[PDB]
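Colleague: Pasting a structure here, questions to come.
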Amino acid sequence: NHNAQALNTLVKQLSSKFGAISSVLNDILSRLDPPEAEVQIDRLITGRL
Amino acid sequence: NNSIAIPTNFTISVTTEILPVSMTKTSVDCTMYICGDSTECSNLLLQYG
Ligand SMILES: *[C@@H]1O[C@H](CO)[C@@H](O[C@@H]2O[C@H](CO)[C@@H](O)[C@H](O)[C@H]2NC(C)=O)[C@H](O)[C@H]1NC(C)=O
Ligand SMILES: *[C@@H]1O[C@H](CO)[C@@H](O)[C@H](O)[C@H]1NC(C)=O
C-alpha cells in the first residue's frame with residue numbers, strides 16, 4: 001500500500017500548476033509565444049522535478 | 001607449549017550501557033509555517049500540490 005500510494009501521489013502531482021498559468025504543457029505552448037512559454041515550462045519542470 | 005594461566009579468584013562487575021529508544025514527536029502546521037495568517041499566500045500554496 002505504501003508503494004502504491006507513493007506512485008499514485010506522484011501521478012496526482014502532475015495536475016499542479018506550481019505557479020504557472022496551467023498544468024498542461026500543450027495549453028502553455030498554444031496560448032503563449034516561445035519566449036514567454038519557456039518561463040511557464042521552466043516552472044512546471046522545476047515542480048515535477 | 002606447556003604453560004597455562006588459570007585464575008584463582010574472580011570479580012563481579014556492573015557495567016552501564018545507555019541506548020536511545022525514541023525521540024521527540026513533532027508536528028508541523030504547513031500553512032501556519034509557510035503562510036501564517038495570509039489568504040493570498042494560502043491560495044498560492046494550494047497550487048503546489
Ligand atoms: C579474592 O578477592 C577478594 C577481593 O576481590 C578478596 O577479598 C578481600 O580479602 C582481603 C583479605 O582477606 C580483605 O581485606 C578484603 O576486605 C576482601 N574484600 C572483600 C570485598 O571482601 C579475597 O580474599 C580473594 N580471595 C583469594 C582466595 O585470594
Ligand atoms: C615447544 O616450545 C619450545 C620453546 O617454548 C620449542 O623449542 C619447541 O620446539 C616446542 N615444541 C615443538 C614440538 O616444537
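By convention in this document, the chains of the C-alpha cells carry letters A, B, ... by their order, each chain's residues are numbered from 1, and ligands are numbered from 1 in the order they are shown.
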Which residues of chain B are close to chain A, meaning at most 8 Å apart when you count only C-alpha atoms, and how do they look as a list in words?

Modeller: residues 44, 47, 48 and 49 of chain B

Colleague: Produce as a list in words the set of residues near ligand 2, where near means within 12 Å with only C-alpha atoms and all ligand atoms considered.

Modeller: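 Counting only what the definition allows, namely only C-alpha atoms and all ligand atoms, the set is residues 1, 2 and 3 of chain B.
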
Colleague: Each residue of chain B lying at most 12 Å from ligand 1 should get a row with its shortest atom-to-atom pair and the distance in Å to one decimal, counting only C-alpha atoms and all ligand atoms; could you produce that, ordered by chain and increasing number, as a Markdown table?

Modeller:
```
| residue | atom | partner | partner_atom_place_in_ligand_line | distance |
| --- | --- | --- | --- | --- |
| B:7 | CA | ligand 1 | 28 (O) | 10.0 |
| B:8 | CA | ligand 1 | 27 (C) | 6.6 |
| B:9 | CA | ligand 1 | 1 (C) | 5.0 |
| B:10 | CA | ligand 1 | 1 (C) | 6.3 |
| B:11 | CA | ligand 1 | 5 (O) | 5.9 |
| B:12 | CA | ligand 1 | 5 (O) | 8.5 |
| B:13 | CA | ligand 1 | 5 (O) | 10.7 |
```

Colleague: Just list the residues in chain A DSSP gives alpha helix (DSSP H) on the backbone, as a ChimeraX atom specification.

Modeller: /A:2-12,25-31,34-48

Colleague: If you measure from CA of residue 45 (chain B) to CA of residue 40 (chain A), what distance in Å do you get, rounded to one decimal?

Modeller: 16.9 Å
